[PDB]
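Trainee: This is upload-v3.txt, which holds compact mmCIF, C-alpha atoms and all ligand atoms:
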# COMPACT_ATOMS: atom_id res chain seq x y z
CA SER C 1 0.00 0.00 0.00
CA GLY C 2 2.50 2.66 -1.28
CA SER C 3 -0.15 5.48 -1.22
CA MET C 4 -0.29 4.80 2.59
CA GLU C 5 3.56 5.11 2.60
CA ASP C 6 3.10 8.56 0.91
CA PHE C 7 0.44 9.51 3.56
CA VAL C 8 2.76 8.53 6.49
CA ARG C 9 5.72 10.60 5.12
CA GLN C 10 3.36 13.62 4.62
CA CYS C 11 1.39 13.21 7.95
CA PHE C 12 4.11 12.62 10.62
CA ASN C 13 7.22 14.65 11.52
CA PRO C 14 10.48 13.23 10.04
CA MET C 15 11.81 12.32 13.57
CA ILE C 16 8.75 10.03 14.12
CA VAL C 17 8.88 8.50 10.57
CA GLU C 18 12.66 7.72 11.03
CA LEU C 19 12.15 6.08 14.47
CA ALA C 20 9.20 3.94 13.19
CA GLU C 21 11.28 2.79 10.15
CA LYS C 22 14.15 1.78 12.47
CA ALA C 23 11.75 0.01 14.92
CA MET C 24 10.15 -2.09 12.09
CA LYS C 25 13.52 -3.10 10.49
CA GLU C 26 14.69 -4.26 14.00
CA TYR C 27 11.88 -6.91 13.70
CA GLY C 28 12.65 -7.68 10.05
CA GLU C 29 9.53 -5.80 8.81
CA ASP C 30 9.63 -3.55 5.69
CA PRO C 31 7.88 -0.18 6.20
CA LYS C 32 7.45 -0.05 2.35
CA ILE C 33 5.36 -3.33 2.46
CA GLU C 34 3.56 -3.28 5.87
CA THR C 35 2.47 0.36 5.26
CA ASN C 36 -0.58 0.05 7.54
CA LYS C 37 1.67 -1.11 10.42
CA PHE C 38 4.13 1.79 9.64
CA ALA C 39 1.19 4.30 9.94
CA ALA C 40 0.06 2.59 13.23
CA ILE C 41 3.59 2.77 14.75
CA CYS C 42 3.96 6.50 13.80
CA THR C 43 0.51 7.24 15.35
CA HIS C 44 1.32 5.49 18.70
CA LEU C 45 4.70 7.27 18.91
CA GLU C 46 3.07 10.69 18.16
CA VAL C 47 0.38 10.00 20.85
CA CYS C 48 3.14 9.05 23.39
CA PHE C 49 4.93 12.41 22.69
CA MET C 50 1.62 14.42 22.86
CA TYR C 51 0.76 12.70 26.20
CA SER C 52 4.24 13.55 27.70
CA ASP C 53 3.57 17.30 26.83
CA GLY C 54 0.05 17.01 28.28
CA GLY C 55 0.56 18.19 31.93
CA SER C 56 3.14 20.24 33.97
CA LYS C 57 6.78 20.65 32.74
CA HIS C 58 8.72 17.37 33.48
CA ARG C 59 5.57 15.56 34.79
CA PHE C 60 6.38 12.57 32.47
CA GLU C 61 9.54 10.67 31.43
CA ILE C 62 9.22 9.21 27.87
CA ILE C 63 10.26 5.50 27.61
CA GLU C 64 8.73 4.67 24.16
CA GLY C 65 10.99 5.70 21.25
CA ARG C 66 14.25 5.39 23.30
CA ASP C 67 16.91 2.82 22.34
CA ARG C 68 16.70 -0.22 24.64
CA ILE C 69 19.76 0.58 26.82
CA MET C 70 18.50 4.19 27.51
CA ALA C 71 14.87 2.97 28.01
CA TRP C 72 15.97 0.45 30.71
CA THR C 73 18.35 3.12 32.19
CA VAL C 74 15.23 5.35 32.71
CA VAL C 75 13.11 2.42 34.14
CA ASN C 76 15.76 0.82 36.47
CA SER C 77 16.78 4.33 37.67
CA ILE C 78 13.09 5.22 38.43
CA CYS C 79 12.68 1.84 40.29
CA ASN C 80 15.76 2.66 42.52
CA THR C 81 14.78 6.35 43.21
CA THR C 82 10.94 5.95 43.77
CA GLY C 83 11.08 2.25 44.90
CA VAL C 84 8.17 1.37 42.45
CA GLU C 85 8.40 -2.35 41.28
CA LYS C 86 10.29 -3.23 38.03
CA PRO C 87 8.11 -3.89 34.95
CA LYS C 88 8.80 -7.10 32.94
CA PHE C 89 8.26 -5.11 29.65
CA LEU C 90 9.19 -1.49 28.79
CA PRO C 91 6.14 0.77 29.41
CA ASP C 92 5.50 3.99 27.38
CA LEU C 93 5.86 6.73 30.09
CA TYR C 94 6.51 7.32 33.80
CA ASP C 95 4.26 9.85 35.60
CA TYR C 96 6.33 11.61 38.37
CA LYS C 97 3.09 13.15 39.83
CA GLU C 98 1.26 9.78 40.36
CA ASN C 99 4.51 7.68 40.69
CA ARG C 100 3.40 5.07 38.13
CA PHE C 101 4.41 3.76 34.70
CA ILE C 102 1.78 4.26 31.96
CA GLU C 103 1.09 1.96 29.00
CA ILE C 104 -0.48 3.85 26.02
CA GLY C 105 -2.79 1.99 23.59
CA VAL C 106 -3.97 3.31 20.20
CA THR C 107 -6.52 0.98 18.55
CA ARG C 108 -8.55 0.80 15.32
CA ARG C 109 -10.65 -1.82 17.24
CA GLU C 110 -12.93 -1.32 20.31
CA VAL C 111 -11.19 0.23 23.42
CA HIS C 112 -12.57 -2.46 25.86
CA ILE C 113 -11.06 -5.35 23.77
CA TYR C 114 -7.67 -3.55 23.51
CA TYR C 115 -7.74 -2.58 27.26
CA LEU C 116 -8.15 -6.28 28.30
CA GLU C 117 -5.37 -7.44 25.91
CA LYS C 118 -2.98 -4.80 27.45
CA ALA C 119 -4.10 -5.74 31.02
CA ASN C 120 -3.47 -9.46 30.26
CA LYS C 121 -0.06 -9.10 28.50
CA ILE C 122 1.14 -6.63 31.24
CA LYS C 123 0.48 -8.83 34.35
CA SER C 124 1.67 -6.05 36.78
CA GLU C 125 -0.87 -4.30 39.10
CA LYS C 126 1.10 -0.98 39.18
CA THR C 127 1.17 -0.01 35.41
CA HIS C 128 -1.63 2.48 34.44
CA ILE C 129 -3.29 1.69 31.01
CA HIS C 130 -4.71 4.52 28.86
CA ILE C 131 -6.33 3.55 25.49
CA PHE C 132 -7.25 5.93 22.60
CA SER C 133 -9.23 5.16 19.38
CA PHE C 134 -9.59 7.06 16.04
CA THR C 135 -13.35 7.58 16.85
CA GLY C 136 -13.02 9.79 20.01
CA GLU C 137 -13.35 6.96 22.57
CA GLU C 138 -10.71 6.71 25.35
CA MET C 139 -10.55 4.49 28.45
CA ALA C 140 -8.09 4.35 31.37
CA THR C 141 -7.45 2.26 34.52
CA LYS C 142 -10.04 3.06 37.30
CA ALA C 143 -11.42 5.73 34.87
CA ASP C 144 -8.40 7.81 36.01
CA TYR C 145 -7.49 9.70 32.77
CA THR C 146 -4.28 11.33 34.25
CA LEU C 147 -4.37 14.46 32.00
CA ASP C 148 -6.96 17.32 31.93
CA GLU C 149 -9.80 17.08 29.32
CA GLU C 150 -8.18 19.82 27.13
CA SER C 151 -4.89 17.80 26.63
CA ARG C 152 -6.89 14.53 26.05
CA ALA C 153 -9.08 16.49 23.55
CA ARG C 154 -5.93 17.57 21.57
CA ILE C 155 -4.93 13.85 21.29
CA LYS C 156 -8.50 12.64 20.44
CA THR C 157 -8.94 15.44 17.78
CA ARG C 158 -5.46 14.64 16.30
CA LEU C 159 -6.44 10.89 15.87
CA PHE C 160 -9.81 11.94 14.30
CA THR C 161 -7.96 14.27 11.83
CA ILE C 162 -5.67 11.35 10.84
CA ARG C 163 -8.72 9.02 10.33
CA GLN C 164 -10.46 11.77 8.24
CA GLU C 165 -7.43 12.40 5.93
CA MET C 166 -6.95 8.60 5.50
CA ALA C 167 -10.68 8.33 4.59
CA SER C 168 -10.34 11.19 1.99
CA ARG C 169 -7.48 9.17 0.34
CA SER C 170 -9.49 5.85 0.53
CA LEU C 171 -6.79 4.43 2.92
CA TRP C 172 -9.01 4.20 6.07
CA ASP C 173 -10.93 0.92 5.31
CA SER C 174 -7.65 -1.11 4.82
CA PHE C 175 -5.97 0.63 7.84
CA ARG C 176 -8.95 -0.04 10.20
CA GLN C 177 -9.09 -3.76 9.16
CA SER C 178 -5.21 -4.19 9.34
CA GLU C 179 -4.95 -4.44 13.20
CA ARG C 180 -4.50 -7.86 14.93
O1 LIG M 1 8.18 -0.80 17.71
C1 LIG M 1 7.06 -1.31 17.78
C2 LIG M 1 6.21 -0.89 18.83
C3 LIG M 1 4.98 -1.53 18.96
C4 LIG M 1 4.04 -1.19 19.94
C5 LIG M 1 2.70 -1.47 19.70
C6 LIG M 1 1.73 -1.09 20.60
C7 LIG M 1 2.05 -0.44 21.79
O2 LIG M 1 1.08 -0.04 22.66
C8 LIG M 1 3.41 -0.17 22.05
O3 LIG M 1 3.72 0.43 23.20
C9 LIG M 1 4.37 -0.52 21.13
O4 LIG M 1 4.54 -2.28 17.92
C10 LIG M 1 5.31 -2.68 16.86
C11 LIG M 1 4.79 -3.59 15.91
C12 LIG M 1 3.43 -4.00 15.92
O5 LIG M 1 2.72 -2.67 15.83
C13 LIG M 1 1.30 -2.75 15.70
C14 LIG M 1 0.70 -1.32 15.66
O6 LIG M 1 1.23 -0.43 16.70
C15 LIG M 1 0.76 -3.59 16.88
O7 LIG M 1 -0.59 -3.73 16.70
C16 LIG M 1 1.46 -4.95 16.89
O8 LIG M 1 1.07 -5.72 18.05
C17 LIG M 1 2.98 -4.72 17.05
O9 LIG M 1 3.72 -5.95 17.08
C18 LIG M 1 5.60 -3.95 14.85
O10 LIG M 1 5.17 -4.81 13.93
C19 LIG M 1 6.88 -3.51 14.76
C20 LIG M 1 7.36 -2.66 15.71
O11 LIG M 1 8.59 -2.22 15.53
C21 LIG M 1 6.59 -2.20 16.79
MN MN M 2 5.68 0.77 24.33
MN MN M 3 1.98 1.42 24.06
If you convert what's in this file into structure tokens, what do you get?
Mentor:
Amino acid sequence: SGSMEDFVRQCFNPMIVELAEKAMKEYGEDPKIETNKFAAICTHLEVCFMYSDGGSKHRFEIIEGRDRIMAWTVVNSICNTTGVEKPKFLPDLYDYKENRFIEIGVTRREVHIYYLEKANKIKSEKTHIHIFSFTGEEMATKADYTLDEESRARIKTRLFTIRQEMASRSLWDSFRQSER
């Protein structure tokens, strides 16, 4: 789906597109062939960055996007300084205000299905899950949404805009049905 490749390179900042290309090739996947997955990885990374800008200065440490050594440097450091237990898998963010790791989900499916999958693969009581969709729906652990409605609205409106531009290019149907 090379027209989706064109969309991704036009839609996302070059720093995001470059990181997503690297991430896919690390798993032997070709961004030029799995173009729907490339778009999905760019979207999740953009959401993670928008979320980290969503509250007070330095509220959040970003873990997603970092090379593995630096990501685990951030996590092991945080788990020595704040004493919070050590996750088995790298989470997306750490929230200094609530003293918890956050896992961010972005889904073309239903939020409840994706929430349960994240909860099950995580198996760690401490990690806060926040799920976004392209349709305006969000859902978070204990209905605790972490950010104010205005910052969440920026994220939800950004995902809608992406869905709308995909739809105008007849890319949305394939993209929505690509997720597994
Ligand atoms: O770097 C990666 C990061 C993640 C990823 C996904 C969700 C998160 O919440 C998350 O923190 C990280 O997913 C990747 C996937 C797949 O990306 C699909 C769409 O994001 C997912 O639906 C699939 O399950 C994934 O395997 C690849 O194929 C390749 C990759 O390099 C990556
Ligand atoms: Mn992640
Ligand atoms: Mn995530």
Trainee: Could you pull the residues within 12 Å of residue 13 (chain C), counting all atoms listed in the file, minus those fewer than 5 positions along the same chain, as a tab-separated table (two decimals) with C-alpha atoms, keeping the file's coordinate frame?
Mentor:
chain	number	residue	atom	x	y	z
C	7	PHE	CA	0.44	9.51	3.56
C	8	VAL	CA	2.76	8.53	6.49
C	18	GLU	CA	12.66	7.72	11.03
C	19	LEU	CA	12.15	6.08	14.47
C	20	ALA	CA	9.20	3.94	13.19
C	42	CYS	CA	3.96	6.50	13.80
C	43	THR	CA	0.51	7.24	15.35
C	45	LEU	CA	4.70	7.27	18.91
C	46	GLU	CA	3.07	10.69	18.16
C	49	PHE	CA	4.93	12.41	22.69
Trainee: Let me have all residues with an atom within 6 Å of ligand MN 2 (chain M), counting all atoms listed in the file, laid out as a list in words.
Mentor: residues 64, 91 and 92 of chain C
Trainee: Could you list the protein, DNA and RNA residues that have any atom within 7 Å of ligand LIG 1 (chain M), counting only C-alpha atoms and all ligand atoms, and write them as a CSV table (one decimal) with C-alpha atoms, in the frame of the given file?
Mentor:
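Written out: selection.csv:
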chain,number,residue,atom,x,y,z
C,20,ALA,CA,9.2,3.9,13.2
C,23,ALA,CA,11.8,0.0,14.9
C,24,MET,CA,10.2,-2.1,12.1
C,26,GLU,CA,14.7,-4.3,14.0
C,27,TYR,CA,11.9,-6.9,13.7
C,29,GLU,CA,9.5,-5.8,8.8
C,37,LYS,CA,1.7,-1.1,10.4
C,40,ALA,CA,0.1,2.6,13.2
C,41,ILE,CA,3.6,2.8,14.8
C,44,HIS,CA,1.3,5.5,18.7
C,64,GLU,CA,8.7,4.7,24.2
C,91,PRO,CA,6.1,0.8,29.4
C,92,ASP,CA,5.5,4.0,27.4
C,103,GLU,CA,1.1,2.0,29.0
C,104,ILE,CA,-0.5,3.8,26.0
C,105,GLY,CA,-2.8,2.0,23.6
C,106,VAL,CA,-4.0,3.3,20.2
C,179,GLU,CA,-5.0,-4.4,13.2
C,180,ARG,CA,-4.5,-7.9,14.9
Trainee: So, counting all atoms listed in the file, which residue among C:123, C:52, C:66, C:76 is closest to residue 93 (chain C)?
Mentor: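 Among the listed residues, the smallest separation from residue 93 (chain C) belongs to C:52.
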Trainee: Go through C:74, C:68, C:102, C:4 and flag the residue nearest residue 168 (chain C), using all atoms listed in the file for the distances.
Mentor: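 Using all atoms listed in the file, the shortest distance to residue 168 (chain C) belongs to C:4.
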Trainee: Kindly give the distance, in Å, that separates CA of residue 154 (chain C) and CA of residue 117 (chain C), rounded to a single decimal.
Mentor: 25.4 Å
Trainee: Using all atoms listed in the file, find the one residue out of C:78, C:17, C:129, C:159 that sits nearest to ligand MN 3 (chain M).
Mentor: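 The closest residue to ligand MN 3 (chain M) is C:129.
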Trainee: Between C:107, C:69, C:60, C:84, which is the closest to ligand MN 3 (chain M) once you count all atoms listed in the file?
Mentor: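 Result for the nearest residue to ligand MN 3 (chain M): C:107.
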Trainee: Could you check which of C:89, C:170, C:135, C:120 is closest to ligand MN 3 (chain M), using all atoms listed in the file?
Mentor: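 Checking each candidate against ligand MN 3 (chain M), we get C:89 as the closest.
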Trainee: So that I can see what lies close to residue 3 (chain C), please list as a ChimeraX atom specification the residues with an atom at most 12 Å from it, counting only C-alpha atoms and leaving out residues fewer than 5 positions away in the same chain.
Mentor: /C:8-10,32-36,39,166,169-172,174-175
Trainee: Closest to ligand MN 3 (chain M) among C:96, C:108, C:130, C:140, using all atoms listed in the file?
Mentor: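 Looking at the shortest contact to ligand MN 3 (chain M), the residue is C:130.
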Trainee: Mind listing whatever residues come within 9 Å of the point (3.5, 13.6, 31.3)? Use all atoms listed in the file, file coordinates, and give them as a compact mmCIF listing (two decimals) with C-alpha atoms, in the coordinates of the input.
Mentor:
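Output contents, as saved in part.txt:
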# COMPACT_ATOMS: atom_id res chain seq x y z
CA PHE C 49 4.93 12.41 22.69
CA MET C 50 1.62 14.42 22.86
CA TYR C 51 0.76 12.70 26.20
CA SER C 52 4.24 13.55 27.70
CA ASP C 53 3.57 17.30 26.83
CA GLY C 54 0.05 17.01 28.28
CA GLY C 55 0.56 18.19 31.93
CA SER C 56 3.14 20.24 33.97
CA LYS C 57 6.78 20.65 32.74
CA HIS C 58 8.72 17.37 33.48
CA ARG C 59 5.57 15.56 34.79
CA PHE C 60 6.38 12.57 32.47
CA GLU C 61 9.54 10.67 31.43
CA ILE C 62 9.22 9.21 27.87
CA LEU C 93 5.86 6.73 30.09
CA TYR C 94 6.51 7.32 33.80
CA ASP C 95 4.26 9.85 35.60
CA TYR C 96 6.33 11.61 38.37
CA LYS C 97 3.09 13.15 39.83
CA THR C 146 -4.28 11.33 34.25
CA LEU C 147 -4.37 14.46 32.00
Trainee: Write out as a PyMOL selection string which residues come within 12 Å of residue 157 (chain C) when counting only C-alpha atoms, dropping same-chain ones fewer than 3 positions away.
Mentor: chain C and resi 47+50+132-138+149-154+160-164
Trainee: Could you check how far CA of residue 126 (chain C) sits from CA of residue 87 (chain C), in Å to one decimal?
Mentor: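 About the pair CA of residue 126 (chain C) and CA of residue 87 (chain C): they are 8.7 Å apart.
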Trainee: Take CA of residue 141 (chain C) and CA of residue 115 (chain C) and report the distance between them in Å, one decimal.
Mentor: 8.7 Å
Trainee: List every protein, DNA or RNA residue that has an atom no more than 12 Å from (16.0, -1.4, 38.2) in the file's coordinate frame, counting all atoms listed in the file, and report them as a PyMOL selection string.
Mentor: chain C and resi 71-88+90
Trainee: Suppose we keep C-alpha atoms; can you now write the selection as a compact mmCIF listing (two decimals), in the coordinates of the input?
Mentor:
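So result_26.txt came out as:
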# COMPACT_ATOMS: atom_id res chain seq x y z
CA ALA C 71 14.87 2.97 28.01
CA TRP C 72 15.97 0.45 30.71
CA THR C 73 18.35 3.12 32.19
CA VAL C 74 15.23 5.35 32.71
CA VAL C 75 13.11 2.42 34.14
CA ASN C 76 15.76 0.82 36.47
CA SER C 77 16.78 4.33 37.67
CA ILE C 78 13.09 5.22 38.43
CA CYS C 79 12.68 1.84 40.29
CA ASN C 80 15.76 2.66 42.52
CA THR C 81 14.78 6.35 43.21
CA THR C 82 10.94 5.95 43.77
CA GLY C 83 11.08 2.25 44.90
CA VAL C 84 8.17 1.37 42.45
CA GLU C 85 8.40 -2.35 41.28
CA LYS C 86 10.29 -3.23 38.03
CA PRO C 87 8.11 -3.89 34.95
CA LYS C 88 8.80 -7.10 32.94
CA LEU C 90 9.19 -1.49 28.79
Trainee: For region 115-132 of chain C, where the input has fewer atoms than it should, I would like N, CA, C and O atoms rebuilt and written as a compact mmCIF listing (two decimals), in the coordinates of the input.
Mentor:
# COMPACT_ATOMS: atom_id res chain seq x y z
N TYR C 115 -8.06 -2.75 25.82
CA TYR C 115 -7.74 -2.58 27.26
C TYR C 115 -7.43 -3.95 27.88
O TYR C 115 -6.42 -4.06 28.59
N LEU C 116 -8.30 -4.95 27.66
CA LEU C 116 -8.15 -6.28 28.30
C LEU C 116 -6.89 -6.97 27.79
O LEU C 116 -6.16 -7.57 28.61
N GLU C 117 -6.60 -6.87 26.50
CA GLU C 117 -5.37 -7.44 25.91
C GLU C 117 -4.14 -6.84 26.60
O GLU C 117 -3.28 -7.62 27.00
N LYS C 118 -4.07 -5.51 26.72
CA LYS C 118 -2.98 -4.80 27.45
C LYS C 118 -2.92 -5.28 28.90
O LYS C 118 -1.81 -5.56 29.38
N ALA C 119 -4.06 -5.32 29.59
CA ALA C 119 -4.10 -5.74 31.02
C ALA C 119 -3.51 -7.15 31.13
O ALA C 119 -2.73 -7.41 32.08
N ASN C 120 -3.83 -8.02 30.18
CA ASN C 120 -3.47 -9.46 30.26
C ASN C 120 -1.98 -9.62 29.93
O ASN C 120 -1.33 -10.41 30.62
N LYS C 121 -1.48 -8.91 28.92
CA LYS C 121 -0.06 -9.10 28.50
C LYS C 121 0.86 -8.42 29.53
O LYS C 121 2.01 -8.87 29.64
N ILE C 122 0.35 -7.43 30.26
CA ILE C 122 1.14 -6.63 31.24
C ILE C 122 1.43 -7.49 32.47
O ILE C 122 2.62 -7.62 32.81
N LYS C 123 0.38 -8.05 33.08
CA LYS C 123 0.48 -8.83 34.35
C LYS C 123 1.42 -8.07 35.30
O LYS C 123 2.57 -8.53 35.52
N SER C 124 0.96 -6.93 35.81
CA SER C 124 1.67 -6.05 36.78
C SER C 124 0.69 -4.98 37.26
O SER C 124 0.36 -4.08 36.47
N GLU C 125 0.25 -5.09 38.52
CA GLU C 125 -0.87 -4.30 39.10
C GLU C 125 -0.59 -2.80 38.96
O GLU C 125 -1.56 -2.03 38.82
N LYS C 126 0.68 -2.39 39.01
CA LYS C 126 1.10 -0.98 39.18
C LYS C 126 0.89 -0.16 37.90
O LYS C 126 0.57 1.03 38.03
N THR C 127 1.07 -0.75 36.71
CA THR C 127 1.17 -0.01 35.41
C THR C 127 -0.22 0.51 35.00
O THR C 127 -1.15 -0.28 34.89
N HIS C 128 -0.37 1.82 34.84
CA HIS C 128 -1.63 2.48 34.44
C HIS C 128 -1.80 2.29 32.92
O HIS C 128 -0.83 2.52 32.23
N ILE C 129 -2.97 1.85 32.46
CA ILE C 129 -3.29 1.69 31.01
C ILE C 129 -4.21 2.84 30.60
O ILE C 129 -5.21 3.11 31.29
N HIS C 130 -3.86 3.52 29.52
CA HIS C 130 -4.71 4.52 28.86
C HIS C 130 -4.83 4.17 27.38
O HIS C 130 -3.80 4.17 26.68
N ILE C 131 -6.05 3.95 26.90
CA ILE C 131 -6.33 3.55 25.49
C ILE C 131 -7.03 4.71 24.78
O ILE C 131 -7.98 5.29 25.39
N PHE C 132 -6.59 5.01 23.55
CA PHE C 132 -7.25 5.93 22.60
C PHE C 132 -7.67 5.14 21.36
O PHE C 132 -7.03 4.13 21.00
